[PDB]
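Participant: Let me begin by handing over the structure; questions about it come next.
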Amino acid sequence: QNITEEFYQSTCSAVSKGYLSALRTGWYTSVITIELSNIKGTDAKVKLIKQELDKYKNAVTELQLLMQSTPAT
Amino acid sequence: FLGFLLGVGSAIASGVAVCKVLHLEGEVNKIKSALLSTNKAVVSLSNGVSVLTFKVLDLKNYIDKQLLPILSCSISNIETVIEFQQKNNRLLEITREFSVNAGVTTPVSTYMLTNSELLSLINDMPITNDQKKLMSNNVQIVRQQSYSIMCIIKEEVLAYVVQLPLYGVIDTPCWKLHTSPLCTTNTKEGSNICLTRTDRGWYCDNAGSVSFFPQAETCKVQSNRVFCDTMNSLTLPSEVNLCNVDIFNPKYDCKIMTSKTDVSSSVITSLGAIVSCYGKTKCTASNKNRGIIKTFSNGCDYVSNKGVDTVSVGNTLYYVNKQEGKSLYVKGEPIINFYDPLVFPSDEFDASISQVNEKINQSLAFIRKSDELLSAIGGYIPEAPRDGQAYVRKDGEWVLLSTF
Amino acid sequence: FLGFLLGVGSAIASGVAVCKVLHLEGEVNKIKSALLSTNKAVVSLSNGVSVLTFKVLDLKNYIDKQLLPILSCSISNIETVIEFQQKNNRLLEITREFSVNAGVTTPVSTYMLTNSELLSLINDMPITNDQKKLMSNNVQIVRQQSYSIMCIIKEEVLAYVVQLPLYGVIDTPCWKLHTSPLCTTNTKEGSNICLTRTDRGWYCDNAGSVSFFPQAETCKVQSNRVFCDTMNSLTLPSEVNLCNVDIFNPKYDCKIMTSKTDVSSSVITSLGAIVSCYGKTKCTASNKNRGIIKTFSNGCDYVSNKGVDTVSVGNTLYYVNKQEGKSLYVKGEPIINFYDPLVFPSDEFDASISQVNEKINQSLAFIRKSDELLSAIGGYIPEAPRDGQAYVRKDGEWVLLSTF
Amino acid sequence: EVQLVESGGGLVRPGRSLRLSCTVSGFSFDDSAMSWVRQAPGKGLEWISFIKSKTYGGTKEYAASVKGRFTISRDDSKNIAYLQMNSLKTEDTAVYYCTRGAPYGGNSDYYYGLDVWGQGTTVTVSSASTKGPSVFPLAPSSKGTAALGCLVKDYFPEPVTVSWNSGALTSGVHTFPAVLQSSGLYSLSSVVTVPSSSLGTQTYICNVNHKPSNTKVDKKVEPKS
Amino acid sequence: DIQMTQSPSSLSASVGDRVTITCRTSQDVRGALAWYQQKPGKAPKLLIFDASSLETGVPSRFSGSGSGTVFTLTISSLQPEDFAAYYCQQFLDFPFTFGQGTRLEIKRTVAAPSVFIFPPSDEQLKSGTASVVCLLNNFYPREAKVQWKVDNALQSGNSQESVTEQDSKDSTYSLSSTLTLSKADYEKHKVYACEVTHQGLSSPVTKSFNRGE
Ligand SMILES: *[C@@H]1O[C@H](CO)[C@@H](O[C@@H]2O[C@H](CO)[C@@H](O[C@@H]3O[C@H](CO)[C@@H](O)[C@H](O[C@H]4O[C@H](CO)[C@@H](O)[C@H](O)[C@@H]4O)[C@@H]3O)[C@H](O)[C@H]2NC(C)=O)[C@H](O)[C@H]1NC(C)=O
Ligand SMILES: *[C@@H]1O[C@H](CO)[C@@H](O)[C@H](O)[C@H]1NC(C)=O
């Protein structure tokens, strides 16, 4: 709201006044947690639940490999 | 433009510091014991720094309680299968995003932190109500200015750090400067000289000085609010603003860029369009109903968006921003006419008004003093004939002593 | 290289203008009433601009008709749950893409617009049949050049603008110019001087002139078709092409860049590779079956892809493109040999051929004026000491007036 | 900051000349184009004249009704714009406003509207000379509430101020707008409704004041048979 | 020249209503319209330029639309400040002709006028002329018909009406019809009547007097 703009022909330039600042000055760190489960006869449904548990265990294994290399820049 | 003048910083350094703190022994158990009751808490680490903690997913209390007793086995209902898929999909998607981005993702996706969780974290952050309001109304910007660093997965718990931004400067006046080449309008080729203001970008008042952002592409703008990052800034004195009203002010040396490349271009501003029309290029400004309403003459001119919809330079068609506001045209002699093209430095990038004027002072010395030594070539005399008697200088020769 | 010579434009300005038109009262009701029968229609807004309109998903007639009556409540079919999930997943993913990218996404994803719907929009767009053909065969490129601006979600409807590209110039001849440093091949370290053409990028014939794209990385290629964007282009005269056949032509002052950094490099071209091998660097060209087939001499040379698979410069290994076509090698004296290193300006960015010649003519002016004038002049005549007596010149000496 | 003040209006005989002058203050006068728009008494707006900026030739564009009679001009040295009205007719009696034409961009020879408007100056073209008014009573000869008034007839020029009981009576007063009679003189009527029972006790006197002729007339309004 | 036509000339509406004024042009102005608001006595104000573009400082209730030949100005929710006159102007070529205008009045319950008649004063008859005044007090709508009847003879070319503005409190109109005659013609007849026709009156009301009383 209530924005202006000026053009200076002498310098071939333009200034757009009327904005409000929202500068990011610093950071704040937050820790997010996801609690996992320590998991070590074929009916109709068990095959799907078994491969879904396989998805879960492979996800936690891949994350175990990923945290292996602590981030650094 | 002046992005090379910026410093070099580490973005995730803070989150990675907290990460290395989370690797310590017992540090994870403090969090697991703190969130054993509630889903959100505030925890002070070993080094005393207090950080927010959140438990967004509990597959432990699902696999170990709702799924474990069934596992000879047999599943009785199918609803539990889809329920497990819905519970596990989030962990799967988080794993994908991390495995692609090497453990650090930005912006923060909704899988990493949903809007409900993000707004809760903003509500409990140790900042003002104004800051909570700002971060809550612009969660898309908070997501784009945040990182997600994966830390550790120890003792049946998963942990990753969400590096959130802190807006320490709010509601101070800002302005965006747009620039374009200002060249002469001669007819001969390559005879033109060009000059361009290089100080273009965002400026915001901050702590008695000005924060300057040369790469305005990195500053995100929503409504009249400008979310910039001081990491990509320069701390300049307030007198920089003088360059807009008086480029020849003595209190600040305004930065320019000289050349001889007179090409036509256009810079779309917030409320209009700047058009630098040089050479045989055709530049126009048109309205969606009647059509062309201005054919620009050779030079740098301006056209407000009040009633104009497009601006065309050469083969390029620009759509101007249809933002509502007042545009004021400030007359003035183009400063490029104040210069002599014979001593104009045409190779200047990191330049300034005074730096170019001093490079002119030297050339004026080089030509008016040293080159005028040619005047002392024919203006001096050769040796008279080494003969018997003496010679006098008459006309342009040595004509002896008959005249006596 | 010359990307700084470009202008600054607003990409979504048109889509944002249409978006702000949709915020007005009643406009949403006009759209809602037009699509009450069919799923796509053409609607002219208040400002007269006619736009295509599409209803891609109808959750209203699913939740209220097929889902509402069941909600005592109890679900009978389990298939209906999965049916609702399949219907709702698209809205969820659209929400994710918008909430991450701050409401503006590019390229346009398949969740935002499926292939059938995109081809429907292209088929119903009011442009030529050739444009329909071009956009229909290259939907991946059209997606890469399109935007998706989220507009409003008012009165039981969701609305976002899909900003599609219009290819007004099709099937005109284009060509890509590749450049590489051209340095001398002296044995001493700092004695070398370098020169490089900056005109690198894409060129296309357009409306009696040439559209030049200095950042060729932004231009996408499919088969022999080049999808560029005029937004980052320059309108040059046709005479720019002369720079390829005659760098010293008078009708166009070709842009170059001088330096002294003689480092070895390679530029993989469309049908071959340019190799600038300077210093003790070892540069070779090899075939996957036979092995090394050429050891480059010091200088800038070329190798066609006809029978060559890799080119190595120093420790860098490049794979050449195996596209089918004819490569022609045009011999010629390297122009860097036409320059004298004592009057060669080495600090030059954003230069031209005549711009180098002007500084060379100037330096020779000071030299031909200084040494040719000081030597021819050096043997002049001093004067006799000012003693109130007039002296005449005889035998190379000043003798007083000895007459009586 | 932005202001347009027109001056030079007033009374003028039919067939002579009068020059209106619009003083501009608040923006660049040379870069902008000026326009003259008048409004006749009781009639709508009529676009009259227009002069373009110095950059676009100084081109004067007139309307058909005043073409050849009016002449627009500008003096950029002092930020002023003139409208010379020659061979004035009686129809030219109107309020003349000075406006600034807004180009389709910051600067363009295509204009989208009239940005700034002056407050206007009144010009009266009539052959008639200054005349005081004649006040006649409008008595209630009929018997709830009765109405009485005053007839302010045959006066020139505008306007006239009518008050009741020196300002005590205000409720129910209607002073009608003036009407130009065929003779070139103005004439209005000012009435008021009062309870019928207050006629025998309270007296009603209308005070009609006309500063251009210094005529103040108080007419006592009382009934008859 | 291009001919402008504003419709309607009068519009009666209440506060909070949605109103629409139309401006027809003779040619395709290529979206070169303008809408102005003029309050009584004050200078007009530019509301909408181009076709729909809204000038800075104009409330959101003002909408401009239309294209080519037909253009509409719309007020979504009326406010008490918006009751004035509205003009459309063309900006294709010179002349930049205006429209007729559209008067905006406040809608009200119908009120029949109170009729009064005033014979010429004895002070005026001694001067040579005679003015008989008919007064229609506080009526709605504005439309009202008045005829003079001298000895049951219809008069024409002698009446001259005048109406006040809508009352700032009760929003009513008041009309004054003045019949001007010469003393000789006035003293020739005997019966003078004013016939008032209005919506509020089921039958025309005629107030009359005999010369002498
Ligand atoms: C930018 O800031 C401005 C303030 O500088 C502000 O806009 C203002 O909005 C108010 C809204 O009330 C405007 O005030 C009124 O607007 C109505 C609209 O019709 C006018 O008619 C009013 O004028 C009345 O004045 C007469 C006095 O006798 C009345 O008798 C008569 O009824 C008139 O209607 C009055 O102006 C105000 O004008 C604007 N100001 C400006 C400068 O625009 C707002 O915060 C920002 N602008 C926007 C567009 O958001
Ligand atoms: C530079 O120029 C100014 C004026 O042209 C002159 O006064 C001055 O001596 C010059 N040299 C320096 C070093 O300022």
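So you can find residues: chains in the structure tokens are A, B, ... in the order shown, residues in each start at 1, and ligands are numbered from 1 in order.
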Enumerate, in order of chain and increasing residue number, the residues of chain B with an atom no farther than 9 Å from ligand 2, each with its shortest atom pair and distance in Å to one decimal, counting only C-alpha atoms and all ligand atoms, as a Markdown table.
Facilitator:
```
| residue | atom | partner | partner_atom_place_in_ligand_line | distance |
| --- | --- | --- | --- | --- |
| B:357 | CA | ligand 2 | 1 (C) | 8.2 |
| B:358 | CA | ligand 2 | 1 (C) | 6.7 |
| B:360 | CA | ligand 2 | 1 (C) | 8.4 |
| B:361 | CA | ligand 2 | 1 (C) | 5.0 |
| B:362 | CA | ligand 2 | 1 (C) | 7.8 |
| B:364 | CA | ligand 2 | 2 (O) | 8.6 |
| B:365 | CA | ligand 2 | 10 (C) | 8.8 |
```
Participant: For C-alpha atoms, I'd like the residues from the last selection saved as a short mmCIF file (atom, residue, chain, number, x, y, z; two decimals), in the first residue's frame.
Facilitator:
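Writing done, so here's selection29.cif:
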```cif
data_model
loop_
_atom_site.label_atom_id
_atom_site.label_comp_id
_atom_site.auth_asym_id
_atom_site.auth_seq_id
_atom_site.Cartn_x
_atom_site.Cartn_y
_atom_site.Cartn_z
CA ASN B 357 37.02 12.13 -13.33
CA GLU B 358 40.56 11.51 -12.06
CA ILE B 360 40.19 12.13 -17.14
CA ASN B 361 42.51 14.53 -15.25
CA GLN B 362 45.44 12.28 -16.21
CA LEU B 364 44.14 15.89 -19.92
CA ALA B 365 47.69 15.96 -18.56
#
```
Participant: Report the Cα RMSD between chain C and chain B after least-squares superposition, pairing every C-alpha atom in order.
Facilitator: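 When all C-alpha atoms are superposed, the deviation is 2.3 Å.
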Participant: Given only C-alpha atoms as the basis, pick out the residue of E:73, E:184, E:153, E:78 nearest to chain C.
Facilitator: E:73
Participant: As a ChimeraX atom specification, please: every protein or nucleic acid residue near ligand 1 (cut-off 8 Å, counting only C-alpha atoms and all ligand atoms).
Facilitator: /A:1-2 /E:39,56-59,80-82
Participant: Residues near residue 87 of chain E, anyone? I mean within 9 Å using only C-alpha atoms, not counting same-chain ones fewer than 5 positions away, as a JSON list (two decimals) with N, CA, C and O atoms, in the first residue's frame.
Facilitator:
```
[["chain", "number", "residue", "atom", "x", "y", "z"],
["D", 44, "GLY", "N", -24.72, 19.92, -18.43],
["D", 44, "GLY", "CA", -23.62, 19.03, -18.12],
["D", 44, "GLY", "C", -22.26, 19.61, -18.48],
["D", 44, "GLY", "O", -22.10, 20.79, -18.80],
["D", 45, "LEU", "N", -21.26, 18.73, -18.42],
["D", 45, "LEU", "CA", -19.89, 19.12, -18.73],
["D", 45, "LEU", "C", -19.67, 19.17, -20.23],
["D", 45, "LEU", "O", -20.15, 18.30, -20.97],
["E", 6, "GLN", "N", -25.07, 8.53, -22.34],
["E", 6, "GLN", "CA", -25.12, 7.95, -21.00],
["E", 6, "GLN", "C", -26.54, 7.52, -20.67],
["E", 6, "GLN", "O", -27.51, 8.25, -20.95],
["E", 23, "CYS", "N", -22.50, 3.66, -20.70],
["E", 23, "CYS", "CA", -22.05, 4.68, -21.63],
["E", 23, "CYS", "C", -21.85, 4.01, -22.98],
["E", 23, "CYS", "O", -21.03, 3.10, -23.11],
["E", 34, "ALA", "N", -13.29, 7.22, -19.87],
["E", 34, "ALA", "CA", -12.94, 7.79, -18.59],
["E", 34, "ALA", "C", -14.24, 8.05, -17.85],
["E", 34, "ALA", "O", -15.24, 8.46, -18.45],
["E", 35, "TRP", "N", -14.24, 7.79, -16.55],
["E", 35, "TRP", "CA", -15.40, 8.03, -15.70],
["E", 35, "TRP", "C", -15.08, 9.10, -14.68],
["E", 35, "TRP", "O", -14.03, 9.06, -14.03],
["E", 36, "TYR", "N", -15.98, 10.07, -14.53],
["E", 36, "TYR", "CA", -15.78, 11.17, -13.59],
["E", 36, "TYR", "C", -16.97, 11.25, -12.65],
["E", 36, "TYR", "O", -18.11, 10.98, -13.04],
["E", 37, "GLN", "N", -16.69, 11.67, -11.42],
["E", 37, "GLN", "CA", -17.70, 11.89, -10.39],
["E", 37, "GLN", "C", -17.69, 13.37, -10.05],
["E", 37, "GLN", "O", -16.65, 13.92, -9.66],
["E", 38, "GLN", "N", -18.84, 14.02, -10.20],
["E", 38, "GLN", "CA", -19.00, 15.44, -9.88],
["E", 38, "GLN", "C", -20.09, 15.59, -8.83],
["E", 38, "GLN", "O", -21.25, 15.26, -9.08],
["E", 44, "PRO", "N", -15.26, 17.98, -10.92],
["E", 44, "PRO", "CA", -15.33, 16.54, -11.15],
["E", 44, "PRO", "C", -14.05, 15.83, -10.74],
["E", 44, "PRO", "O", -12.97, 16.42, -10.65],
["E", 98, "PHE", "N", -17.72, 14.76, -23.84],
["E", 98, "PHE", "CA", -18.31, 14.23, -22.62],
["E", 98, "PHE", "C", -19.67, 13.59, -22.90],
["E", 98, "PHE", "O", -20.26, 13.73, -23.97],
["E", 99, "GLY", "N", -20.17, 12.87, -21.89],
["E", 99, "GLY", "CA", -21.52, 12.35, -21.92],
["E", 99, "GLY", "C", -22.52, 13.33, -21.33],
["E", 99, "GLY", "O", -22.18, 14.41, -20.86],
["E", 100, "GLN", "N", -23.79, 12.92, -21.36],
["E", 100, "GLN", "CA", -24.85, 13.76, -20.81],
["E", 100, "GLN", "C", -24.75, 13.84, -19.29],
["E", 100, "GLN", "O", -25.00, 14.89, -18.70],
["E", 101, "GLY", "N", -24.40, 12.73, -18.65],
["E", 101, "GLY", "CA", -24.38, 12.62, -17.21],
["E", 101, "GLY", "C", -25.50, 11.72, -16.70],
["E", 101, "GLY", "O", -26.50, 11.46, -17.37],
["E", 102, "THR", "N", -25.31, 11.24, -15.47],
["E", 102, "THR", "CA", -26.27, 10.38, -14.80],
["E", 102, "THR", "C", -26.45, 10.90, -13.38],
["E", 102, "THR", "O", -25.51, 10.87, -12.58]]
```
Participant: Distance limit 9 Å, atoms considered: only C-alpha atoms. Which chain D residues sit that close to chain E? Return them as a CSV table (one decimal) with C-alpha atoms, in the first residue's frame.
Facilitator:
```csv
chain,number,residue,atom,x,y,z
D,43,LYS,CA,-26.3,21.7,-18.0
D,44,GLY,CA,-23.6,19.0,-18.1
D,45,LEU,CA,-19.9,19.1,-18.7
D,46,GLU,CA,-18.6,20.3,-22.1
D,47,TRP,CA,-15.0,19.8,-23.2
D,48,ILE,CA,-13.7,23.1,-24.7
D,49,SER,CA,-10.0,23.3,-25.4
D,61,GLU,CA,-7.1,21.5,-30.2
D,62,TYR,CA,-10.5,23.2,-29.9
D,63,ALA,CA,-14.1,22.0,-29.9
D,64,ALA,CA,-16.6,22.8,-32.6
D,97,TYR,CA,-12.4,24.6,-15.1
D,104,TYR,CA,-1.2,7.1,-21.3
D,110,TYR,CA,-2.1,9.6,-26.0
D,111,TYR,CA,-4.2,10.7,-23.0
D,112,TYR,CA,-6.4,8.6,-20.9
D,113,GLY,CA,-8.2,11.1,-18.6
D,114,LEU,CA,-8.0,14.4,-16.9
D,115,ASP,CA,-5.9,14.0,-13.7
D,116,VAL,CA,-6.0,17.3,-11.9
D,117,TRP,CA,-9.0,19.7,-11.9
D,118,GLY,CA,-9.1,23.3,-10.8
D,119,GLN,CA,-12.0,24.5,-8.6
D,120,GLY,CA,-13.4,26.6,-11.5
D,134,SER,CA,-38.1,43.6,-6.2
D,135,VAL,CA,-39.5,41.7,-3.3
D,136,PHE,CA,-43.2,40.8,-3.3
D,137,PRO,CA,-45.1,38.8,-0.6
D,138,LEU,CA,-46.6,35.4,-1.2
D,139,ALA,CA,-49.4,35.5,1.4
D,140,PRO,CA,-51.4,32.4,2.5
D,141,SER,CA,-55.0,33.2,1.4
D,142,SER,CA,-56.2,29.6,2.2
D,146,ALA,CA,-49.8,26.9,5.9
D,147,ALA,CA,-47.1,28.1,3.6
D,148,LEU,CA,-45.9,31.7,2.8
D,149,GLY,CA,-43.0,33.2,1.1
D,151,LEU,CA,-40.8,36.6,-4.6
D,174,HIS,CA,-36.9,26.4,0.7
D,175,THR,CA,-35.1,29.1,-1.3
D,176,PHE,CA,-35.4,27.9,-4.9
D,177,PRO,CA,-32.5,28.3,-7.4
D,178,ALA,CA,-32.6,31.4,-9.5
D,179,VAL,CA,-34.1,31.3,-13.0
D,181,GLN,CA,-36.2,35.2,-17.3
D,188,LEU,CA,-36.3,33.4,-7.6
D,189,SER,CA,-38.8,32.6,-4.8
D,191,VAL,CA,-40.9,29.9,0.7
D,193,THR,CA,-44.1,26.4,5.9
D,224,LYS,CA,-55.2,39.0,3.2
D,225,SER,CA,-58.9,38.3,2.5
```
Participant: Which residues of chain B have any atom within 10 Å of an atom in chain E when counting only C-alpha atoms, and what is the closest pair of atoms for each, with the distance in Å to one decimal? Order the rows by chain and rising number and write it as a Markdown table.
Facilitator:
```
| residue | atom | partner | partner_atom | distance |
| --- | --- | --- | --- | --- |
| B:287 | CA | E:50 | CA | 9.2 |
| B:288 | CA | E:31 | CA | 8.8 |
| B:289 | CA | E:30 | CA | 5.2 |
| B:290 | CA | E:30 | CA | 4.9 |
| B:291 | CA | E:30 | CA | 8.6 |
| B:306 | CA | E:53 | CA | 8.3 |
| B:307 | CA | E:50 | CA | 6.4 |
| B:308 | CA | E:50 | CA | 9.5 |
| B:322 | CA | E:53 | CA | 10.0 |
| B:324 | CA | E:56 | CA | 7.3 |
| B:325 | CA | E:56 | CA | 7.1 |
| B:326 | CA | E:56 | CA | 7.8 |
```
Participant: For chain B versus chain C, which residues have an atom no more than 8 Å away, and what is each residue's nearest atom pair and distance in Å rounded to one decimal, using only C-alpha atoms, chain-then-number order, as a tab-separated table?
Facilitator:
```
residue	atom	partner	partner_atom	distance
B:107	CA	C:100	CA	6.7
B:108	CA	C:100	CA	7.4
B:109	CA	C:100	CA	6.2
B:110	CA	C:96	CA	6.5
B:140	CA	C:102	CA	4.8
B:141	CA	C:102	CA	6.5
B:143	CA	C:100	CA	6.7
B:144	CA	C:100	CA	7.0
B:180	CA	C:7	CA	7.9
B:190	CA	C:253	CA	7.5
B:259	CA	C:350	CA	7.3
B:261	CA	C:350	CA	7.8
B:263	CA	C:5	CA	7.5
B:264	CA	C:235	CA	7.5
B:265	CA	C:7	CA	5.1
B:266	CA	C:7	CA	5.0
B:267	CA	C:8	CA	4.5
B:268	CA	C:9	CA	5.2
B:281	CA	C:235	CA	7.5
B:314	CA	C:235	CA	5.4
B:315	CA	C:235	CA	6.1
B:316	CA	C:230	CA	5.3
B:317	CA	C:231	CA	7.4
B:318	CA	C:9	CA	6.3
B:319	CA	C:13	CA	5.7
B:320	CA	C:13	CA	6.3
B:321	CA	C:13	CA	5.3
B:322	CA	C:17	CA	6.1
B:347	CA	C:348	CA	6.7
B:371	CA	C:366	CA	7.0
B:374	CA	C:369	CA	6.6
B:377	CA	C:373	CA	6.0
B:380	CA	C:380	CA	7.1
B:381	CA	C:380	CA	6.0
B:382	CA	C:380	CA	5.5
B:383	CA	C:381	CA	6.3
B:384	CA	C:396	CA	6.9
B:385	CA	C:395	CA	7.3
B:386	CA	C:395	CA	4.5
B:387	CA	C:395	CA	6.2
B:388	CA	C:395	CA	7.2
B:389	CA	C:394	CA	6.0
B:390	CA	C:394	CA	4.1
B:391	CA	C:393	CA	5.5
B:392	CA	C:392	CA	6.2
```
Participant: Here is a test: counting only C-alpha atoms, which residue of A:17, A:57, A:40, A:50 is nearest to chain B?
Facilitator: A:17
Participant: Which residues are near residue 111 of chain E? Cut-off 10 Å, only C-alpha atoms, ignore same chain within fewer than 6 positions. Put them as a PDB file with N, CA and C atoms, in the first residue's frame.
Facilitator:
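Output (around_1.pdb):
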```pdb
ATOM      1  N   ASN E 137     -44.704  21.150  -2.398  1.00  0.00           N
ATOM      2  CA  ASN E 137     -43.786  21.055  -1.275  1.00  0.00           C
ATOM      3  C   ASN E 137     -43.585  19.595  -0.884  1.00  0.00           C
ATOM      4  N   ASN E 138     -42.313  19.184  -0.792  1.00  0.00           N
ATOM      5  CA  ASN E 138     -41.870  17.901  -0.236  1.00  0.00           C
ATOM      6  C   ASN E 138     -42.535  16.686  -0.888  1.00  0.00           C
ATOM      7  N   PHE E 139     -42.091  16.316  -2.101  1.00  0.00           N
ATOM      8  CA  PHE E 139     -42.636  15.190  -2.863  1.00  0.00           C
ATOM      9  C   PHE E 139     -41.534  14.281  -3.418  1.00  0.00           C
ATOM     10  N   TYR E 140     -41.918  13.042  -3.791  1.00  0.00           N
ATOM     11  CA  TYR E 140     -41.045  12.007  -4.409  1.00  0.00           C
ATOM     12  C   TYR E 140     -41.936  11.114  -5.254  1.00  0.00           C
ATOM     13  N   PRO E 141     -41.500  10.718  -6.453  1.00  0.00           N
ATOM     14  CA  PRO E 141     -40.178  11.057  -6.990  1.00  0.00           C
ATOM     15  C   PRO E 141     -40.125  12.462  -7.564  1.00  0.00           C
ATOM     16  N   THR E 172     -36.427  15.196   0.197  1.00  0.00           N
ATOM     17  CA  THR E 172     -37.619  15.541  -0.573  1.00  0.00           C
ATOM     18  C   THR E 172     -37.335  16.711  -1.497  1.00  0.00           C
ATOM     19  N   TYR E 173     -38.096  16.764  -2.581  1.00  0.00           N
ATOM     20  CA  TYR E 173     -37.978  17.821  -3.569  1.00  0.00           C
ATOM     21  C   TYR E 173     -39.064  18.855  -3.316  1.00  0.00           C
ATOM     22  N   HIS E 198     -48.941  14.007  -9.922  1.00  0.00           N
ATOM     23  CA  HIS E 198     -47.816  13.353  -9.277  1.00  0.00           C
ATOM     24  C   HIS E 198     -48.206  11.915  -8.959  1.00  0.00           C
ATOM     25  N   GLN E 199     -47.192  11.065  -8.766  1.00  0.00           N
ATOM     26  CA  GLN E 199     -47.456   9.653  -8.493  1.00  0.00           C
ATOM     27  C   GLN E 199     -48.213   9.470  -7.183  1.00  0.00           C
ATOM     28  N   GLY E 200     -47.848  10.236  -6.155  1.00  0.00           N
ATOM     29  CA  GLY E 200     -48.497  10.086  -4.865  1.00  0.00           C
ATOM     30  C   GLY E 200     -49.968  10.452  -4.887  1.00  0.00           C
ATOM     31  N   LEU E 201     -50.371  11.306  -5.823  1.00  0.00           N
ATOM     32  CA  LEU E 201     -51.761  11.721  -5.943  1.00  0.00           C
ATOM     33  C   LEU E 201     -52.499  10.761  -6.871  1.00  0.00           C
TER      34      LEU E 201
END
```
Participant: Given only C-alpha atoms, how would the per-residue table for chain B near chain D read, listing every residue at most 10 Å away with its closest atom pair and distance in Å to one decimal, sorted by chain and number, as JSON lines?
Facilitator:
```
{"residue": "B:272", "atom": "CA", "partner": "D:105", "partner_atom": "CA", "distance": 8.7}
{"residue": "B:273", "atom": "CA", "partner": "D:105", "partner_atom": "CA", "distance": 9.9}
{"residue": "B:285", "atom": "CA", "partner": "D:105", "partner_atom": "CA", "distance": 8.4}
{"residue": "B:286", "atom": "CA", "partner": "D:104", "partner_atom": "CA", "distance": 9.1}
{"residue": "B:287", "atom": "CA", "partner": "D:104", "partner_atom": "CA", "distance": 8.3}
{"residue": "B:290", "atom": "CA", "partner": "D:110", "partner_atom": "CA", "distance": 9.8}
{"residue": "B:292", "atom": "CA", "partner": "D:110", "partner_atom": "CA", "distance": 9.6}
{"residue": "B:293", "atom": "CA", "partner": "D:110", "partner_atom": "CA", "distance": 6.1}
{"residue": "B:294", "atom": "CA", "partner": "D:108", "partner_atom": "CA", "distance": 5.8}
{"residue": "B:295", "atom": "CA", "partner": "D:108", "partner_atom": "CA", "distance": 8.8}
{"residue": "B:296", "atom": "CA", "partner": "D:108", "partner_atom": "CA", "distance": 9.6}
{"residue": "B:301", "atom": "CA", "partner": "D:107", "partner_atom": "CA", "distance": 9.3}
{"residue": "B:302", "atom": "CA", "partner": "D:106", "partner_atom": "CA", "distance": 6.9}
{"residue": "B:303", "atom": "CA", "partner": "D:106", "partner_atom": "CA", "distance": 4.9}
{"residue": "B:304", "atom": "CA", "partner": "D:106", "partner_atom": "CA", "distance": 5.0}
{"residue": "B:305", "atom": "CA", "partner": "D:105", "partner_atom": "CA", "distance": 6.5}
{"residue": "B:306", "atom": "CA", "partner": "D:105", "partner_atom": "CA", "distance": 5.8}
{"residue": "B:307", "atom": "CA", "partner": "D:104", "partner_atom": "CA", "distance": 5.2}
{"residue": "B:308", "atom": "CA", "partner": "D:105", "partner_atom": "CA", "distance": 6.1}
{"residue": "B:309", "atom": "CA", "partner": "D:105", "partner_atom": "CA", "distance": 9.8}
{"residue": "B:327", "atom": "CA", "partner": "D:106", "partner_atom": "CA", "distance": 7.5}
{"residue": "B:328", "atom": "CA", "partner": "D:106", "partner_atom": "CA", "distance": 7.7}
{"residue": "B:329", "atom": "CA", "partner": "D:106", "partner_atom": "CA", "distance": 6.9}
{"residue": "B:330", "atom": "CA", "partner": "D:28", "partner_atom": "CA", "distance": 8.8}
{"residue": "B:331", "atom": "CA", "partner": "D:28", "partner_atom": "CA", "distance": 8.7}
```
Participant: Report as a PyMOL selection string the set of chain A residues whose atoms approach chain D to within 12 Å, with distances computed over only C-alpha atoms.
Facilitator: chain A and resi 5-7
Participant: Using DSSP on the backbone, list every residue of segment 32-178 of chain D that comes out as helix (DSSP H, G or I), and give them as number ranges by chain.
Facilitator: D: 54-56, 90-92, 165-167
Participant: Rounded to one decimal in Å, what is the spacing between atom CA of residue 3 of chain E and atom CA of residue 22 of chain E?
Facilitator: 14.0 Å
